[PDB]
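Chains as they are written, first to last, in the entry's author numbering: chain A, 2 to 217; chain C, 2 to 217.
What follows is one structure encoded as structure tokens, with my remarks underneath.
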Ligand SMILES: Cc1cc2nc3c(=O)[nH]c(=O)nc-3n(C[C@H](O)[C@H](O)[C@H](O)COP(=O)(O)O)c2cc1C
Ligand SMILES: Cc1cc2nc3c(=O)[nH]c(=O)nc-3n(C[C@H](O)[C@H](O)[C@H](O)COP(=O)(O)O)c2cc1C
Ligand SMILES: O=C(O)c1cccnc1
Ligand SMILES: O=C(O)c1cccnc1
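Okay, here's the thing in structure tokens:
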């Protein structure tokens, strides 16, 4: 059951570089990235999946400075996902989303379709025009993607670790993300843990629900 | 197989008000909230789980203005989770986290424990002192929790819908969150869809991977 998975998964601190995702698992992790929900189906994200040694090493350059303890996880894991958010929400993206909803069969009439576009545009506008927080808003959708992904990959039997400990300016410049409209937020190596993963035998710790949760 | 679950789950547009979570499901969804990961195990969140008619109706007041289309979901569903983030990261919370890590058996020595505290404080300080983005940082952790939650409850066989379409200032004041150090971010009704959920028979739509995903 999924609760066992939630209780047994852990942040892997070191990966076995000789254990690769199966071809089928490599497909499945891309499916998880794609099929996450997002506010208005805005999907304001891009993913880089590095599985070559070259491409992981490029991503690993971002694990410099204070963040070297993360470098080896990025090099040793089978696949390394970089989760990136759009830096602004443009009308071309909003059109592409609704056209795709349309191509996929979600609208019965042109009017249903126009209403969807109008509603997405309205709610998007509150972030990009009124509140000026559309960067933050899109980044949140991407973290939601991450949350989905980590539970997903745990349920496939894979090890993983989310990493904020890396230099986004480096990683952005390494892949040309600013000029393309994106910024890197979280890196998630996926694979199988090695013997150096001290975190695999430690008990899980969370605050008690009497602190964090209220029922009404 | 979690990939099926990811491909079959949907944002429920209408719930059967007669169909309740089993008492066991009610406990399991609290377990998912608690055991989400977060950066440094900071767990910078609070949840309100409404199960009673009174409690749900309090939450549903936030579905005012042009967010009325969400009101029914909040009233008809069995359980309604309000995801809240801390509004600031204080040293009392950081201490509580590490003491809990300690009580749960994650430190071999007092020195291991002090090192953990030091590392959490260092990385937290980067957000609350250098970048002044600690609110955003914590809110991200909360969205991650959401993403975990949505996949988790779908794997328990429950229907749900994440909701940003509600008025957070109302919901905050309804539960006294500002003064307690919290702000509401996302609301997630959980239960079982009614036959009025038009979204249960619509195909899922996502942008294709040739736009959103790059392999290297
Ligand atoms: C957004 C995010 C960023 C994280 N960044 C790092 C990281 O840079 N390095 C690391 O070793 N762990 C990192 N973690 C792992 C957390 O410390 C871990 O999730 C938390 O301590 C709970 O343990 P668990 O993930 O084993 O349940 C991160 C977690 C998340 C959610
Ligand atoms: C953070 C968040 C906010 C959302 N807010 C609402 C909302 O207010 N009302 C609603 O009906 N759907 C809401 N949705 C549902 C999305 O529109 C839906 O996820 C998206 O269209 C993808 O369809 P799916 O969830 O069925 O896969 C929200 C989704 C997320 C992730
Ligand atoms: O996804 C949606 O339909 C949505 C998101 C936020 C607010 N209103 C609608
Ligand atoms: O969770 C961690 O251990 C973590 C998070 C950010 C940066 N370094 C470590």
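Each residue gets a CB set at the ideal place from its N, CA and C atoms; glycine is no exception.
query: Which whole-angstrom value is the C-beta distance of residue 186 (chain A) and residue 143 (chain A), which I expect to be below 8 Å?
result: By one-based count along the first chain, residue 186 (chain A) stands at place 185. By one-based count along the first chain, residue 143 (chain A) stands at place 142. Their Cβ separation, rounded to whole angstroms, is 5 Å, which keeps residue 186 (chain A) and residue 143 (chain A) in contact under 8 Å.
- request: For residue 69 (chain A), count neighbouring C-beta atoms within 10 Å of its own C-beta (all shown protein chains included) and say buried if the count is 16 or more, exposed if not.
  value: Looking up residue 69 (chain A) in the first chain gives position 68. Result: exposed.
- prompt: Quick one: does residue 146 (chain C) have its CB under 8 Å from some CB of chain A?
  reply: For the purposes of this step, residue 146 (chain C) is taken as the residue at position 145 of the second chain. Yes, residue 146 (chain C) counts as interfacial toward chain A.
message: Quick check: the Cα distance between residue 61 (chain C) and residue 85 (chain A), rounded to an integer number of angstroms?
response: Sequence index remark: in the second chain, residue 61 (chain C) carries index 60 (1-based). Sequence index remark: in the first chain, residue 85 (chain A) carries index 84 (1-based). C-alpha of residue 61 (chain C) to C-alpha of residue 85 (chain A): approximately 33 Å in a straight line.
field: CA-to-CA distance, residue 48 (chain C) to residue 93 (chain C), given in whole angstroms
entry: On the second chain, residue 93 (chain C) is found 92 positions in, with the first residue counted as 1. On the second chain, residue 48 (chain C) is found 47 positions in, with the first residue counted as 1. Between the alpha carbons of residue 93 (chain C) and residue 48 (chain C) lies a distance of about 19 Å.
- prompt: Hey, does residue 8 (chain C) have any beta-carbon neighbour from chain A nearer than 8 Å?
  reply: As a first step, residue 8 (chain C) must be located in the second chain, where it is residue number 7. Chain A contact via Cβ: present.
In chain order, each alpha helix (DSSP H) run of at least 4 residues that lies wholly inside the stretch 123-209 of chain A: You should have 135-156, 169-176, 178-181.
- request: Tell me whether residue 69 (chain C) counts as near ligand 2, meaning its Cβ is closer than 7 Å to at least one heavy atom of that ligand.
  value: For the purposes of this step, residue 69 (chain C) is identified with residue 68 of the second chain, where counting begins at 1. Remark: the C-beta of residue 69 (chain C) is outside contact range of ligand 2, defined as less than 7 Å to any heavy atom.
message: Does the beta-carbon of residue 210 (chain A), which I'm using as the reference point, lie nearer than 7 Å to any heavy atom of ligand 1?
response: Position 209 of the first chain, counting from 1, holds the residue named residue 210 (chain A). It does not: the Cβ of residue 210 (chain A) is nowhere closer than 7 Å to a heavy atom of ligand 1.
- request: Hey, could you find the ends of the beta strand (DSSP E) residue 50 (chain C) is sitting in?
  value: Counted from its first residue, the second chain places residue 50 (chain C) at position 49. From DSSP, the beta strand (DSSP E) with residue 50 (chain C) extends over 46-51.
message: Quick check on residue 48 (chain C) - is its C-beta less than 8 Å from some C-beta in chain A?
response: Mapped onto the second chain, residue 48 (chain C) falls at position 47. Taking a beta-carbon distance threshold of 8 Å, residue 48 (chain C) counts as an interface residue toward chain A.
message: If you measure from each CB to the nearest heavy atom of ligand 4 and keep those under 6 Å, what residues do you get, in chain order?
response: Here the residues come out as A:165, A:166, C:40, C:41, C:124.
field: Sheet register partners of residue 216 (chain C) (DSSP bridge)
entry: Taking the second chain and counting its residues from 1, the one referred to as residue 216 (chain C) is at position 215. The bridge partners DSSP lists for residue 216 (chain C) are A:50.
field: Proximity test, Cβ basis, 8 Å: residue 112 (chain A) and chain C
entry: Taking the first chain and counting its residues from 1, one reaches residue 112 (chain A) at position 111. Taking 8 Å as the threshold, the shortest C-beta distance from residue 112 (chain A) to chain C does not fall below it.
- prompt: Can you list the residues of chain C that residue 3 (chain A) reaches, using a CB-CB cut of under 7 Å?
  reply: Walking along the first chain from the start, residue 3 (chain A) turns up at place 2. Listed by position along chain C, the residues whose Cβ is nearer than 7 Å to that of residue 3 (chain A) are 153, 156, 157.
Whole-number beta carbon distance between residue 192 (chain C) and residue 160 (chain C), since they are thought to touch under 8 Å: Sequence index remark: in the second chain, residue 160 (chain C) carries index 159 (1-based). Sequence index remark: in the second chain, residue 192 (chain C) carries index 191 (1-based). At roughly 6 Å, the Cβ-Cβ gap stays under 8 Å, so residue 160 (chain C) and residue 192 (chain C) are in contact.
query: Between the stretch 8-20 of chain A and the stretch 198-213 of chain A, do at least 3 Cβ pairs fall closer than 8 Å?
result: Counting C-beta pairs closer than 8 Å gives three or more between the stretch 8-20 of chain A and the stretch 198-213 of chain A, which meets the contact rule.
message: Going by C-alpha to C-alpha distance, which of A:24, A:90, A:51, A:29 sits closest to residue 135 (chain A)?
response: Stepping through the first chain from its first residue, residue 135 (chain A) is reached at position 134. Comparing alpha carbon positions, the residue from A:24, A:90, A:51, A:29 closest to residue 135 (chain A) is A:90.
field: Within chain C, the residues that residue 149 (chain A) reaches when beta carbons sit closer than 8 Å
entry: Residue mapping note: residue 149 (chain A) aligns to position 148 of the first chain, counting from 1. Neighbours of residue 149 (chain A) on chain C, chain order: 7, 148, 149, 151, 152.
task: Kindly identify the DSSP beta-bridge partner or partners of residue 11 (chain C).
output: In the second chain, counting from the first residue as 1, residue 11 (chain C) sits at position 10. Within the DSSP bridge table, the entry for residue 11 (chain C) names no partner.
query: Can residue 149 (chain A) and residue 37 (chain A) be called in contact, C-beta distance under 8 Å?
result: Counted from its first residue, the first chain places residue 149 (chain A) at position 148. Counted from its first residue, the first chain places residue 37 (chain A) at position 36. Against a cut-off of 8 Å, the Cβ pair of residue 37 (chain A) and residue 149 (chain A) comes out as a contact.
message: Alpha carbons only, please: which of C:129, C:99, C:104, C:131 is nearest the one belonging to residue 119 (chain C)?
response: As a working note, residue 119 (chain C) is residue 118 in the second chain. The residue with the shortest Cα to Cα distance from residue 119 (chain C) is C:99.
query: Should residue 212 (chain C) go down as buried or exposed, given a rule of 16 or more other Cβ atoms within 10 Å for buried?
result: Taking the first residue of the second chain as 1, we reach residue 212 (chain C) at position 211. So residue 212 (chain C) ends up on the exposed side.
Contact set between residue 26 (chain A) and chain C, taken where Cβ atoms lie within less than 7 Å: Stepping through the first chain from its first residue, residue 26 (chain A) is reached at position 25. Those within 7 Å of residue 26 (chain A) in chain C number zero; the least Cβ separation is about 10 Å.
- request: Using only the heavy atoms of ligand 1, determine whether one of them is closer than 7 Å to the beta carbon of residue 196 (chain A).
  value: For the purposes of this step, residue 196 (chain A) is taken as residue 195 along the first chain, with counting starting at 1. Set against 7 Å, the gap from the CB of residue 196 (chain A) to the closest heavy atom of ligand 1 is not smaller.
- prompt: Would you say residue 145 (chain A) touches ligand 2, meaning its beta carbon is less than 7 Å from a heavy atom?
  reply: Your numbering for residue 145 (chain A) matches position 144 in the first chain. Within the cutoff, so yes.
query: Start and end of the beta strand (DSSP E) containing residue 83 (chain A)?
result: One-based indexing of the first chain puts residue 83 (chain A) at position 82. Unbroken beta strand (DSSP E) run through residue 83 (chain A): 80-87.
query: Closest Cβ-Cβ distance between residue 74 (chain C) and chain A: below 8 Å?
result: Position 73 of the second chain holds residue 74 (chain C). Cβ-Cβ to chain A under 8 Å: no for residue 74 (chain C).
task: Please check if any C-beta of chain C sits within less than 8 Å of the C-beta of residue 169 (chain A).
output: Taking the first residue of the first chain as position 1, residue 169 (chain A) is located at position 168. Among the residues facing chain C, residue 169 (chain A) is not included, as its CB has no counterpart in that chain under 8 Å away.
- prompt: Taking Cβ positions, are residue 97 (chain C) and residue 147 (chain A) nearer each other than 8 Å?
  reply: Position 96 of the second chain, counted from the first residue, corresponds to residue 97 (chain C). Position 146 of the first chain, counted from the first residue, corresponds to residue 147 (chain A). Not a contact, by the Cβ cut-off of 8 Å.
Closer than 8 Å to chain A by CB, residue 42 (chain C): By one-based count along the second chain, residue 42 (chain C) stands at place 41. So yes, residue 42 (chain C) belongs to the interface.
- prompt: Can you tell which of A:28, A:18, A:207 has its C-alpha closest to the C-alpha of residue 105 (chain C)?
  reply: Position 104 of the second chain, counted from the start, is the residue given in the question as residue 105 (chain C). Nearest option by C-alpha distance: A:207.
field: Backbone secondary structure at residue 70 (chain C) - three-state DSSP
entry: Stepping through the second chain from its first residue, residue 70 (chain C) is reached at position 69. Here residue 70 (chain C) sits in helix by DSSP.
task: Check each residue of the stretch 90-103 of chain A: if its Cβ is closer than 8 Å to any Cβ of chain C, include it; give the result in chain order.
output: The residues in question are 97, 98, 101, 102.
field: residue 262 (chain C) - partner residues in DSSP beta bridges
entry: Given that chain C is displayed from residue 2 to residue 217, the structure contains no residue 262 (chain C) and the question cannot be resolved.
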